[PDB]
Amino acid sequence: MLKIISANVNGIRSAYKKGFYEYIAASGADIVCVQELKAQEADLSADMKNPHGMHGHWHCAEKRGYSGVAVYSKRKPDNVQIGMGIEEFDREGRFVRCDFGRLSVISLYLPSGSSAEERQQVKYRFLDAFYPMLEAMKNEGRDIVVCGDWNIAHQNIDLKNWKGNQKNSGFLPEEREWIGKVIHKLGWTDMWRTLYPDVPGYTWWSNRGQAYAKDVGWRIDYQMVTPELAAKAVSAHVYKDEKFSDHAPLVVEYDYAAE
């Protein structure tokens, strides 16, 4: 009975003072993938490293209060990979992998390119360097879940006003069909869309105007699953009862057995 959550905490300390720590236990989650810690190893308290006795593994950026992802788990990972293996994106801490035998879960914070053009390009090199990486993992022959902020909305149904954002970062054509290739060419399963092909399921809302209140949001938080495991998904939900961030926790369940 497996349960995985993907939450972009927008600063783990802020989220913790907004009630995320209690949520980690309350949700009953077995594995929690968090992105955008906005903190370093020294900035982390004991509770932000091993919440409720869970094991934890993180990858922080060089500069302070920026990016950083982590993976918490009720069980001890028999393996852990920090960073992807490339200097350019590993100096930003955007990747953590945890192997639990046959299972393999990953917290990922794909770079955003909405700040500037150069950021957009770094995002593209990230796509071009992470693409073959996705392929390798598929050919490993194991159950793998890739949770995180991909900062890309796949189709028109994945965001409220898809008309005004066709020229903006996160919903550019080449991005959209980069994701399209990730789903079809490699056979990765966009779990939410597969479980519910007609439900928007927004996971992020801008700080602008009445974005959150009017439900003008994006679905940029994913759990890309392998087929043999994707077929074991039983349900999914976007938690919005409490607000720990501008993002919302993505909860997915799997009829699974670790034995």
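One rule holds for the numbers: they count along the sequence shown, beginning at 1.
Undergrad: So 185 to 193 or 115 to 123, which one's hotter by mean CA B-factor in the entry?
TA: The stretch with the larger mean CA B-factor is 115 to 123.
Undergrad: Quick check for you: using the entry's CA B-factors within this chain, is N50 in the lowest, middle or highest third?
TA: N50: CA B-factor falls in the lowest third of its chain.
Undergrad: Against its chain's modelled residues, does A258's Cα B factor rank lowest, middle or highest third?
TA: As the PDB entry reports it, the C-alpha B-factor of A258 lands in the highest third of its chain.
Undergrad: Could you say whether, by C-alpha temperature factor, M1 belongs to the lowest, middle or highest third of its chain?
TA: Highest third, going by the recorded CA B-factors of the chain.
Undergrad: Should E175 be placed in the lowest, middle or highest third of its chain by the C-alpha B factor in the entry?
TA: Highest third - that is where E175 ends up once the chain's C-alpha B-factors are sorted.
Undergrad: Would you please rank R219 by its C-alpha temperature factor against the other modelled residues of its chain and give the third it falls in: lowest, middle or highest?
TA: As the PDB entry reports it, the C-alpha B-factor of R219 lands in the lowest third of its chain.
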